[PDB]
Amino acid sequence: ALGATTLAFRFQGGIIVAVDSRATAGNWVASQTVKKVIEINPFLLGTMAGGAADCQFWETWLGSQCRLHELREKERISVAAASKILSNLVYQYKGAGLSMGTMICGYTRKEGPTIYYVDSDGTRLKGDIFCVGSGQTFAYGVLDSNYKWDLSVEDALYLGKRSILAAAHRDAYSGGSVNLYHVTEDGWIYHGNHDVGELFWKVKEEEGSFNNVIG
Amino acid sequence: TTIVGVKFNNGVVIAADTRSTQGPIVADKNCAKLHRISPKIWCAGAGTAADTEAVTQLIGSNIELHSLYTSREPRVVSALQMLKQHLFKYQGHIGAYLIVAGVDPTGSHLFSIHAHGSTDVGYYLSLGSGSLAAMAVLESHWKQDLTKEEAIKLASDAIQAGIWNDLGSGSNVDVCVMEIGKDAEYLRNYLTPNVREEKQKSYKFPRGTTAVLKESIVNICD
Amino acid sequence: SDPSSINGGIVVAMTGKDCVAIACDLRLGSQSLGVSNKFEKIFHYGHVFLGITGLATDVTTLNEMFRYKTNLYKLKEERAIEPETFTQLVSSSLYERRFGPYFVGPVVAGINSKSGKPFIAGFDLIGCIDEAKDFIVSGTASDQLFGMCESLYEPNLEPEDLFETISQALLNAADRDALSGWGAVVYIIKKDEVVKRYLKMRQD
Amino acid sequence: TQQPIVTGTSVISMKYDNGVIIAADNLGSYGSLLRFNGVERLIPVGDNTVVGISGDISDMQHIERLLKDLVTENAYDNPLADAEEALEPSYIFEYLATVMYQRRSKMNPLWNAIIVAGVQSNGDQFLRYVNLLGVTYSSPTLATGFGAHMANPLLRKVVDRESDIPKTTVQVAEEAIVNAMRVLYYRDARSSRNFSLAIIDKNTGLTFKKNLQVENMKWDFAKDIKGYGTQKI
Amino acid sequence: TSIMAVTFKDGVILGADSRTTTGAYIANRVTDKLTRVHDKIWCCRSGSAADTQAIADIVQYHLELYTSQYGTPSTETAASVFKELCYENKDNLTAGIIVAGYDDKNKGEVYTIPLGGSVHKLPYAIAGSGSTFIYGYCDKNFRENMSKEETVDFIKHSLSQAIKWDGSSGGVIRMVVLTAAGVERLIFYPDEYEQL
Amino acid sequence: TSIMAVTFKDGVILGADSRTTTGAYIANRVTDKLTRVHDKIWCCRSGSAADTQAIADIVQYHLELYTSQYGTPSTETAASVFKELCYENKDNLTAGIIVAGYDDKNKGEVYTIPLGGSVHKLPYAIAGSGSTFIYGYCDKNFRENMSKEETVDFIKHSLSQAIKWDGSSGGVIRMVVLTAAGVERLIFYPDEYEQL
Amino acid sequence: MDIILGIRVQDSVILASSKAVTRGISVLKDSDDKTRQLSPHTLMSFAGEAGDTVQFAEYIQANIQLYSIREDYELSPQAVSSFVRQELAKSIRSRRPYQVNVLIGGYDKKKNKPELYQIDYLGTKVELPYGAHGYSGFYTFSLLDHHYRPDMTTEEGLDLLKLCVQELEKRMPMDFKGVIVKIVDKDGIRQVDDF
Amino acid sequence: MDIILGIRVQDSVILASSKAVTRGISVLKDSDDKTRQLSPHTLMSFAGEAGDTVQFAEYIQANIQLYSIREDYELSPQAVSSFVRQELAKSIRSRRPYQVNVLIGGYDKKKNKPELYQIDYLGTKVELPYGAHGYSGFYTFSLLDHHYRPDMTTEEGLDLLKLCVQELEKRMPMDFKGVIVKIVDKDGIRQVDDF
Amino acid sequence: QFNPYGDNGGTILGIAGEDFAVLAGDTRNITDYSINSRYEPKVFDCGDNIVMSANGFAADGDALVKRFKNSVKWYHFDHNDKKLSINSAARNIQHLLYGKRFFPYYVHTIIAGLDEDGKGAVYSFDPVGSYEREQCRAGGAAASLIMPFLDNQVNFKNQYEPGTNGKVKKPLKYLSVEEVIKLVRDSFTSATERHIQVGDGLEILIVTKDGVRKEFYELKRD
Ligand SMILES: *[C@@](C)(CO)[C@](*)(O)[C@H](CC(C)C)NC(=O)[C@H](Cc1ccccc1)NC(=O)[C@H](CC(C)C)NC(=O)[C@H](CCc1ccccc1)NC(=O)CN1CCOCC1
Ligand SMILES: *[C@@](C)(CO)[C@](*)(O)[C@H](CC(C)C)NC(=O)[C@H](Cc1ccccc1)NC(=O)[C@H](CC(C)C)NC(=O)[C@H](CCc1ccccc1)NC(=O)CN1CCOCC1
Ligand SMILES: *[C@@](C)(CO)[C@](*)(O)[C@H](CC(C)C)NC(=O)[C@H](Cc1ccccc1)NC(=O)[C@H](CC(C)C)NC(=O)[C@H](CCc1ccccc1)NC(=O)CN1CCOCC1
Ligand SMILES: [Cl-]
Ligand SMILES: [Cl-]
Ligand SMILES: [Mg+2]
Ligand SMILES: [Mg+2]
Ligand SMILES: [Mg+2]
C-alpha cells in the first residue's frame, strides 16, 4: 500500500530515472527518506511502486540471478532477459497477493537504452516512457508535453525532476525528496537527492510556475 | 471512565476519575464527570461524553422548572424516573451510563442508570470501563454503617483502582459529598497523584526561527 | 468514505500570558488530489475566533450558521458574544444534530472582554466540550499535534514566543500528515490587537 | 479453527518473599450450564512447579498428558532426575509456550490461558503467563479471564512493584488470594464457591490445598434493598 | 434469571433469585425481581431489565388509574394489561413476566406471559433461563392446596437447584407472600439454601 | 435424545429413550441408543446418529483387537479410546457419549464424554437435549450404593420427566443392567412411565 | 467521467466540457452540451449521475432567471455560486441527494473581473484560477500548474486549454468525443464553434 | 475489451488487434502487438486477463516451434487449433485457469485454403468465415453478416475490416488506439504498416 | 472464528549518533484496556553490538528476536566467529520477515548498533521485510506522537536561522549521548500523557564501541 511517483524514459543519451521519497501508512507519513530506486547492479536499475518489501526483496534477488548469468555466459545480461526473469517469477506467485509495479531499466550494446514495465499480475511491457504510482497522472502531463527524443542530458534530468515535483505538489501521498539517476551504456550515474521543500520554492522563482501558490 | 457511589451514615458520596479518551488518545487529562442536576442531587457520568452532559443538563433543567412549579425541593427519584424514561425512549442510542445520588426531604439516595433505561438500587455502585477494578475494592472493603470520612476514603480508593489498573481511566479523582441537613460539597481534584515530572529540557525557540511569508493586522473592531 | 478525512486539514489553539493563539493549515483536497491552497479554516465573530476541521461543506455551512446566530445575538443583546457563551452555543447547535451530525472538529479561541482571561475550547462532532488551560488540537494530524504541543508547550508564554511555539507545533505535525499542509496561518490574539501571519512551509 | 465447549474460568497468582501462590476454582462450565463441579485445574509438575490452566477443558486434559509425559521422558537415562537435572519451572514454561505458539501458527490453537508458578533451583520465584496466541508475559501478580480485571487490582495493592516482594509474607499473600477468589464468586457468573490453592515455597516446598470454600461473605444488606427505584415495599 | 410463582391454600407466593448479568459479569448480585404493581398484585420479571422495568412501571400506572375509577382490579385484569403491552410490542421487547395476585373471591391466582405475549393461567409457573433445569423437579413435587411452610420449602428447593446449575442465576432467594393477612417479604441467603 | 448411566451397589445401569429426529419428524420411534462395545462395556449415544455409530463401530474394533492381545480391557481404557476419537476429530463430530462398564475389581464405573472430547468420571451421568430438564431432579434424588430396583426406578422417573418436557425425546425407555451376574436388557412402554 | 474543465484568465473565464453521452457499451450521442446559461454573464457546466445533472442545472437556471425578473438585476457570480452551494449542501442530507458536480464561470460587471467557482456534489465551494471535476484534474492540473500565468489573454487561455485536451485524449482510457468550449467575459457568453 | 477481429477471405486470413494497453485510469502504451507467430503460416491473436495472455501465447508458441524442429514439418492450422483448445480445456478445471481468448488464423498449404478458428478461454472452438472476441462482435457481426462475401479478395477484406474499425471507433466507449493488421496467406505472414 | 493476531501495545524509539546509538522502549504490556505487565522488556542485546526490538504483537515479536539471536549464533559457527555487521544483520532480518510474507509477523522491527566505520546506525523494518537505514525512527502505538517531534529537534526540520528571512536553514549536527537521552525521556513522558497504551517504565539501551549499557526510568502508571 504505497503512494509513489516513479518515472523512467528513453532518450538520445540513455535513460533518466526519477522517483519521490515518501512512504505512508494511511494518512500517517512513515518516512520521507525512502529509496525507491533499487540498484540491482552497476548497469541495471529498478523502481519501487506498490509493495516496498516485494520490490526490494525480488529486485535484489534479481541482481543475484543477473550475476549468475554473466558468470556462466561470460557476457552482460540483456535487459529483456533480466526483466523476464522477474516477470516469470511474479507470475508463479500470481493470486497469492504480491504487489509490484516496476520499471527495469538498462543500456546494452545489442538493445541500446531499454525499459521494461513489469507488474505483479504478470504484465511485461517494453516502452519509451513509463510512469507509475499514485502521482503518475501528474507526472505524465509534464512528460508528454515536454518530451523529445533529442533532449540533452542536462534538460532530460531537469524534466524528470520537474515531473516528480508536479506530482509531489498535487498528490498527497507523494513527496519528501527527489532521487535522480542517469543510465548510460557504461553504467548508471547518481544525480543526487533533492528536497522537495527547497526545490519547489527554487523552481517557482526561477521558472515562474505555480502562481496559485503564495511565496 | 471509572465512577463510583457510596452510601454512609447521614448521606451519600460519589466520585469519578478525570480522563477523557478519543480512541487510544487522551483528549482531556482533567475533565469533570460530576454533574449537578440540582443543588443537592449530583450525577456521575460514563459512556458517550456528549450524551452524559446533554441528558444530565436536560433533566436538570426540567427538574428546576418542576421545583419552581411545586414549590418543593427536588427528589432523586424524580431525576431517576425522568432520566430512565428518556433513555428508554431512545433504545440505548443515547450512550449515557449514570450514577445518580443526592439528598432530599425523603432522605439520602443512591441509584445507577444504564443507557437502555434500566435502574438499580444499592449501598455501593460502580460504572464505566474501570467498574470491575473499582467494584473489586468496594467488595473487599465496604461495610454497613460507614462514616463520612470512611466513605470518602473507600470511594477514592475505588477510583484509584480504576486509575492505575484500567487504561480507560486516569489522572485525578473528583468527589462530591451530599450529607443530610448540609450543603453538598463538590471537591474538584480531591486527589492529584499523577503530576507530570519536570521536563529535561526547555523547548523555547529563539525568536525568528519560523519562516514567515506575510504579516497583517486583523480588524476585530466595528 | 470517511467524511472527516476526505478533505483533510488541521487546527491548533494555545494560551499564553494575557493572550491566545489559533492556527490552521490551508489545504483542501479530494482524498489524494489537492484542490486548493487558500482554504482558511479559521473564522471570527467579533473578537471570538472559531477554527473548524473535517468535512469542508460542513465547515463552510457551520461558519455561515454561526455568523447567522452571532449577528442575531448582537442585535438583541446589544453587545458582542463572549468565548464562554459562544462555546455553549456551538455545543447546543451540534447536539441538535445528534443523529445526523456535522462531520467537524471545531475549536474556539478568544479573550473575555470583561475579565481579560484567555480562553480556548474544543469539541467533538456531536458537541462535547473539551475546555483546556494549555492547548487544543483538531484534524487529521491531531495525534501529531498532541505530541508536539505536549512537549513544546510551557505556561505563560509571551505573544512573540507563543507565536514560535504554535507555528512549530503546526508545521512539523502537518509534514507528517499527507492530507494536511499546503500553507499555514497563525492568529496571535491580544486584548485589543490581533495579528495574522502566513507561514512558509513545504508545498508537498 | 476451534470453539471452546467445556471451559474453566479465572486462574490467579502472585509472588511473595519466599515463593509463589496460585489458585483456581473447581468448575467446568458448559456455556451457561455449570455442568462439572469436581474439576482440578491446578496441576503440579514435580515438587517445585504448579501449572494453572483456564479455557477449554479437553485441551487442558491434553496438556496434563504432555506434562505427565515430560516428567517420564526427563527421567530416562538421567541419574540426577530427582536432583540437579530435575525439571525446572522455566523449562516447563518454555516447552508449553513453544507448543502454544506452534499451534496458533497452524491455525489450530489450544484454547487455553496458562500460568506457570514455581521456584527455581537457586531459590528465585518463577511466575509467567502464556495463552492460545503464544503471548507471554511476567509480573509480580498474574491472572486470567475475569481475574485479570478484578483480582490483579487487589493483588497489586499488596505487591505493586518488584521491591514490594521481600516485604510481603506468605500469610498476607494467601489472605489476598483468598479475598480475590471471594470477589470473583460475587461477580463472575461462570465461577464456583469451591476452589484449590497451591503454595510453592523455597523452604517449605509445595503445599497443595484442595476443597477450599469461599467464606465470610456479605449478603445481609440485601434484605434492605427493595424494588429498582420508587418501590417502598 | 430464575423466577417462579406458586398458588397454595391461603394464597400465592412469588419467588426469585437476585442476579443481573452483562455477559458473564454480574452487574448486580442483590437485585429485586419481585415488583409491586398493586397492593396485592405482584410480578416476577425476567428478560431485559430495561424492558421489564418500563413495562411494570406502565402497568402500575394503569392499575392506579383503574383503582381511582373502578376500584380494586382483578389479577386477571392485571395480567391482561401486561399482555396488551407484551403482545402489541412483541417486536421490540424481551420480557418474560409472571403475574401473581390475591383476591378474596378468587383467592391466589398465577398468570404467565412468555415472549410472544400469550397468557396462560396456571396453578404454578416457572420462568427464566434457570427454570429449564427444574421442570422435572417442580412437576414431580408440586401439589395443590399446600400449606405456607410447604410452599416456601418447594420454592426454596426449586430455586436452589436452578441457581446451582444456571450461571445466569444466583445470589439470594427473595420471596413475597400474598394472603388475606397481608404482604410478607422473605429472604434466604447462600449459606442456607446451597447445602439443601 | 435423553440418556443416562447410573452406578449402584451391584454395578451400573444404562438408560435411554428411543427417539430419532429429522427436524420435527420422528425418523425412528424405536431406536436403540444403548450399544455394546465389549461384553460388559456399553455406551449411551447422543448427537449425530451417523457420527456416534461410526465412532462406536471403531471403538468396538479397537477393544476387540485389544482383547485378542492383552485380555479384557478396563472401562477407563474404553473411555480413553472414545475420547481419543472425539477429541482429535472434534471439528468434524457431533457426539455426546456416556461410557459405562463393569469390572470385578473396579465394579461399576461411568465416564461421560461431551462435545469437546473431555473425559469426566462420575457416580452418575446424564446427557442429551432432554437432560437439561432433569438436572434438578437427578441431583436431589441420586444416592450412592442404591439397589438394583431403586436404580431402575431412579432412571425410569428421570427419563420419564425428560421425555415429558423434551420434544426431541420419547418412545420407549430402554435400559441395560451391567453386573457380575451378566447383562440384562429392560424395556418400559409409554402406558407405564407416562403416568408416573 | 464526463470531463469538465475551467480556466480563469485576465479578462475572461473559459469552460470546456466533453460531448460524449455513454450508456452501457454504446455512445448514444457525440454532440451533447453539458452547460446552462444561468444569466447573461454567468455560465454553469455540470457532470455526474445521469438525469440528476440536467434536472439540477435547469432547476438552478429557473431560480436565477426568476431572481433576475423580480429585481430587474443580475446576481453576481459570487452570489450565484453561494446559492448553488447551499442547494447542494441541503441535497447531500436529503433522502436522495443530487449527485452532480459543477463549475460556475462568470464575469462580475461591478468588479470588472472574471471569476471561476468549483463546487462538488457535497457542497464544497472553492474559487480557483483553474479547475476540474472527476479524473480530469489528475491529468491537467500538472500542466496548468506549470504553464498557467495570471495575466494571460483569452487566446493564450485557449492554447493552454488545447494542451489539456490533447493530454486527456492521449492518456485517458475512454473516448469522450472532444469538447464544447465557451467563453464568459464583459460582453457575455459565446461559443467557440471550431475546436 | 482488447479488440481482436478476424476475417477469412478467398485466399487469406486477416487479423486485426487493438494497440492500447490500459491499467487503471492510464493508457500505459498505444503500440502493443497482441499476437504471436506460431509457425510460418499460422498466426494467433489473443485477449483477456493481464499477464495470462502473453504467458499463454508464448507457451503455445514454444510448443509449436518444438514440434516443427522435431518433425521438420509444419503443423496444419486445424492441428494447431486443436492443440490450443485442449490446453485451454485442461486450464479451465485447474487451480488457476488461463483467462485468455484467442483467434487462430492460418493458411493450410496441403489444402491451399485459408482457415480462421475462434477459441474462448473455456476451450470452445469454432471454425468461422469471420470472428471476434469480447464486446467487439456485438458491433461488427451485423456489418460482416451483411457485406461479407465468401469470394472476396484480400483488398476487399481490408476495406471490409476498415468499415468495422470505423464502427467500433464511433460507438465503443473506450479508446483502443487503433489496430495492428496482419495478413496470413500462401506466402506466409506480413504486417500492414499503414492502417 | 479464530484470530491468530493480537495487539500488545507499546512503543519504541531508535536514534543514531556520531559514535553511538540508542534503542529505547516502554516496559508496558497490554491487551485491550488491561495491563498485563508494568515491566516486560522488549529491547534485547542480541550479540555483536546489535540491539533489537520488535513491537506490535508480542508473540510474533519474541519469535522473531529469538530467531535472529539464533541466526547470529549460527553465523559464528559457519563463518569462523566473524562479527556480524549491522548492515548484514539487517539484510538477514529482511529474509526472516519475508519468509512469512503470506502469514506475516505483525511487528515493527528496529535494530541499532555501529556500522563498520564505527558510526551510529539504526535500521527499521516493516512487517514483511522492507528496510531502510535512518538517523531517527519511532515505532509502535505512539510513533505518530513522537516522530514529528524528533524531526523538529534531531533533524531540525522547519527551523530556519534567525534573521535570514527563512532562506538559511539551521545547520545539521551530531548530538551528544546526553542530549539524545534528554530527547528520548521527553518523547516518552509526552507520549505517556496522551497515549493510554504508553507508560509504567522506560528502558534505554545505549551502544558504543565499549559495549552495551542500560538505563531505566520510571513513567506514569495510569
Ligand atoms: C472513560 C474515560 C472511557 O470509557 C469514560 O467512559 C469517558 C466518559 C466521560 C468523558 C464523560 N468516556 C469517554 O471519554 C468517551 C469514550 C467513548 C468514545 C467513543 C464512543 C463512546 C465513548 N469519549 C468520548 O465520548 C469522546 C469525547 C471527546 C474526547 C470530547 N468523543 C469521541 O470519541 C467521539 C465519539 C462521538 C460519538 C458519536 C456517535 C456515537 C458515539 C460517540 N469520537 C470522535 O470525535 C472521533 N472522530 C474524530 C474525527 O471526527 C469524527 C469523529
Ligand atoms: C436472567 C439473567 C436471564 O433470564 C434474568 O432474566 C435477568 C432479568 C432481571 C435483571 C430482571 N436478566 C438480565 O440480567 C439481563 C440479561 C439479558 C441481557 C440481554 C438481553 C436480555 C436479557 N441483563 C440485562 O438486561 C442487562 C442489565 C444491565 C447490565 C443493567 N443489560 C444488558 O446486558 C444490556 C442489554 C442490552 C439489550 C440487548 C438486547 C435487548 C435488550 C437490551 N447489554 C449490554 O450492555 C451489552 N453488553 C456490553 C458489554 O459486553 C457484553 C454485552
Ligand atoms: C436427541 C434427538 C438429540 O440429542 C438424540 O441425540 C439423537 C441421538 C440418537 C439418534 C443416537 N439424535 C438424533 O436423532 C439426531 C439429531 C441431530 C440432528 C442433526 C445434527 C445432530 C443431531 N438426528 C440425526 O442424526 C438424523 C438421523 C437420520 C434422520 C437417520 N440425521 C439428520 O437429521 C441429518 C443429520 C445431518 C447432519 C447435520 C449436522 C451434523 C451431522 C449430520 N440431517 C438432515 O437430514 C437434514 N434435514 C433435511 C430435512 O430437513 C431438515 C434437515
Ligand atoms: Cl431489575
Ligand atoms: Cl442410532
Ligand atoms: Mg504531496
Ligand atoms: Mg416427547
Ligand atoms: Mg489507568
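The rules behind each value
- Residues numbered from 1 in each chain as written, not as in the entry; some residues may be left out.
- Chains lettered and ligands numbered in written order.
- Part of a larger assembly, values for the part shown.
- Heavy atoms only, no water.
- Helix = DSSP H or I, 4+ residues; strand = E, 2+ residues; numbered from the N terminus.
- Rg over C-alpha atoms; globule rule 2.2 N^0.38 Å.
- Buried < 20%, exposed > 50% of the residue type's maximum accessible area, 1.4 Å probe, protein only.
- Contact = heavy atoms within 4.5 Å.
- Areas by Shrake-Rupley, 256 points an atom, 1.4 Å probe, with all protein chains shown as cover.
- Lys, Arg positive; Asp, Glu negative; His and termini not counted.
- Charge placed at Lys NZ, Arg CZ, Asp CG, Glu CD.
- Expected span 1.5 Å × (residues − 1).
- Donors = N, O, S within 2.8 Å, 3.2 Å for Na, K, Ca; no water.
- Salt bridge = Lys/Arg side-chain N within 4 Å of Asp/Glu carboxyl O.
- Polar contact = N/O pair within 3.5 Å; in protein donor to acceptor, adjacent residues only side chain to side chain.
- Nonpolar A, V, L, I, M, F, W, Y, C, P; charged D, E, K, R; others polar.
- Pairing = 2+ DSSP bridges.
- Axes fitted to C-alpha atoms, helices over the stretch in contact; angles between N-to-C directions.
- Buried area = accessible area lost by both parts, 1.4 Å probe.
- Near = heavy atom within 4 Å.

Chemist: Any chance you could break down the overall build of chain E for me, citing the residues and the numbers?
Modeler: For chain E, the count of helices and strands is five helices and twelve strands. Relative to the globule expectation of 16 Å for 196 residues, the C-alpha radius of gyration of chain E, 16 Å, shows essentially globular dimensions. Its C-alpha atoms give chain E principal-axis dimensions of roughly 50 × 40 × 25 Å. By the burial criterion, 60% of the 196 residues in chain E qualify as buried. In chain E, 61% of the contacts between residues at least 6 apart in sequence involve partners at least 24 apart. Total accessible area on chain E stands at roughly 7,500 Å², and carbon and sulfur atoms take up 47% of it. The distance from the centre of the 19 positive side-chain charges to the centre of the 24 negative ones in chain E is 2 Å.

Chemist: Provide a residue-level description of helix 4 (residues 148–165) of chain B, including the pertinent values.
Modeler: Between its first and last C-alpha atoms helix 4 of chain B spans 26 Å; for 18 residues at 1.5 Å apiece the expected length is 26 Å, and the two agree. Among all positions of helix 4 of chain B, only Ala151, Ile152, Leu154, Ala155, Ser156, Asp157, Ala158, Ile159, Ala161, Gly162, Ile163 and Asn165 of chain B are buried.

Chemist: Can you break down the coordination of the magnesium ion (ligand 8) residue by residue, with the values?
Modeler: Residue and element names in this part refer to chain B. Looking at the metal site, the magnesium ion (ligand 8) is ligated by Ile163 (O), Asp166 (O) and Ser169 (O), spaced 2.1 to 2.5 Å from it. Read N to C, the donor residues that coordinate the magnesium ion (ligand 8) are spaced as I-x2-D-x2-S. Each member of the pair, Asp166 as well as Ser169, is classed as buried.

Chemist: Describe the interface of chain B and chain C, with residues and values.
Modeler: Contact with chain B, which involves 36 residues of that partner, is made by 36 residues of chain C. As a salt-bridge pair, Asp51 of chain B and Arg98 of chain C come within 2.9 Å of each other at their nearest N and O atoms. Viewed at the interface, chain C and chain B are joined by 17 residue pairs in polar contact. Only strand 4 (25–28), helix 1 (49–70) and strand 13 (212–218) of chain B provide two or more residues apiece to the side of chain B that touches chain C. At seven residues, strand 13 of chain B tops the list of elements feeding residues into the side of chain B that touches chain C. Across the side of chain B that touches chain C, the residue classes break down as 17 nonpolar, nine polar and ten charged. Sheet analysis places strand 13 of chain B next to strand 12 (residues 194–199) of chain C, joined by six bridges and oriented antiparallel. Its bridge partner being in strand 12 of chain C, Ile217 of chain B is matched across the sheet by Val195 of chain C.

Chemist: Explain the environment of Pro4 of chain I residue by residue, including any values.
Modeler: Secondary-structure assignment places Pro4 of chain I in the segment before strand 1 (11–16). Its relative accessible area of 8% is what places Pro4 of chain I among the buried residues. Sequence-distant contacts of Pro4 of chain I, defined by excluding residues within four places in its chain, comprise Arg104, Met107 and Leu133 of chain D together with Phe57 and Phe103 of chain I.

Chemist: Can you lay out the pattern of salt bridges for me, pointing to particular residues and giving the numbers?
Modeler: Between side chains of opposite charge, a pair can form as their charged atoms come close. All names here are of chain E. Inspection of the entire model under this criterion finds 100 salt bridges over all chains. The salt bridge partner of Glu150 is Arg143, with a shortest N-O separation of 3.6 Å. Taking the relative accessible area as the measure of exposure, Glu150 reaches 35% and is therefore partly exposed. Residue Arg143 is classed as partly exposed on the basis of its relative accessible area of 43%.

Chemist: Describe the sheet that holds strand 11 (residues 173–179) of chain E, naming the residues involved and giving the relevant values.
Modeler: Residue and element names in this part refer to chain E. Read across the sheet, five strands follow the order 10-1-2-11-12 without closing on themselves; strand pairing throughout is antiparallel. A strand with exactly one partner marks an edge of an open sheet, and here the two such strands are strand 10 (124–127) and strand 12 (183–188). The sheet shows a mean angle of 10° between the axes of neighbouring strands, direction not considered. Against the sheet, helix 4 (residues 148–165) touches strand 1 (3–7), strand 2 (11–16), strand 11 and strand 12, its axis set at about 160° to strand 1.

Chemist: Lay out the arrangement of the chains with the relevant residues and their values.
Modeler: One thing to see here is that chain C and chain E don't touch, and their nearest C-alpha atoms sit 20 Å from each other. No interface is formed between chain B and chain G, the nearest pair of C-alpha atoms being 20 Å apart.

Chemist: Tell me about the pairing of strand 12 (residues 211–218) of chain I, residues and numbers included.
Modeler: Residues and elements named next belong to chain I. Across eight bridges, strand 11 (residues 201–208) lies against strand 12 in antiparallel orientation. Within strand 12, the residue paired with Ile204 across the bridge is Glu215. If you look at the hairpin formed by strand 11 and strand 12, you'll find two residues sitting between the two strands.

Chemist: Before we move on, could you go through the interface of chain C and chain A and cite the residues and values that matter?
Modeler: The interface is formed by 21 residues belonging to chain C together with 25 residues belonging to chain A. When chain C packs against chain A, the two sides together hide about 1,900 Å² of surface, and 49% of this comes from carbon and sulfur. Considering only the side of chain C, the residues that lose the most area to chain A are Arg176, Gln203 and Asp204 of chain C, jointly responsible for 32% of the buried surface there. Taken together, the links from chain C to chain A amount to two salt bridges. For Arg202 of chain C, the salt bridge goes to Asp195 of chain A, with nearest N and O atoms at 3.4 Å. Here chain C is connected to chain A by 14 residue pairs in polar contact. Broken down by element, the side of chain C that touches chain A gets its largest block of residues, three residues, from strand 4 (residues 33–36) of chain C.

Chemist: Could you give me a rundown of the pairing of strand 10 (residues 135–139) of chain C, with the residues and numbers involved?
Modeler: Residues and elements named next belong to chain C. Within strand 10, four of the five residues are buried, which leaves it mostly tucked inside the rest of the structure. Across five bridges, the pairing between strand 1 (residues 10–16) and strand 10 is antiparallel. Bridging across to strand 10, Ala13 finds its partner in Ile136.

Chemist: For the sheet that holds strand 2 (residues 21–26) of chain I, give the residues involved together with the corresponding values.
Modeler: Residue and element names in this part refer to chain I. Reading across the sheet, the five strands line up as 10-1-2-11-12 and stay open at both edges, with antiparallel pairing between neighbours. Edge positions in the sheet fall to strand 10 (136–140) and strand 12, since each has one partner strand and no second. The sheet shows a mean angle of 15° between the axes of neighbouring strands, taken without regard to direction. The strands touched by helix 3 (residues 143–153) within the sheet are strand 1 and strand 10, with strand 10 carrying the most contacts at an inclination of about 170°.

Chemist: Can you tell me about the site of ligand 2, naming the residues and giving the values?
Modeler: The immediate surroundings of ligand 2 are formed by 17 residues, with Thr1, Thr21, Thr22, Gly47 and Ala49 of chain E found nearest. Around ligand 2, the neighbouring residues derive from chains B and E rather than from a single chain. One nitrogen or oxygen atom from the main chain of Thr21 of chain E is found 3.0 Å from a nitrogen atom belonging to ligand 2. Note that an oxygen atom of ligand 2 is positioned 2.9 Å from one of the backbone N or O atoms of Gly47 of chain E. Across the complex, the protein chains shield 64% of the 990 Å² of accessible surface that ligand 2 would expose by itself. Where the shell around ligand 2 is concerned, the elements lending two or more residues are strand 3 (20–22) and strand 6 (41–47) of chain E. Taken together, the residues of the shell around ligand 2 break down into two nonpolar, twelve polar and three charged.

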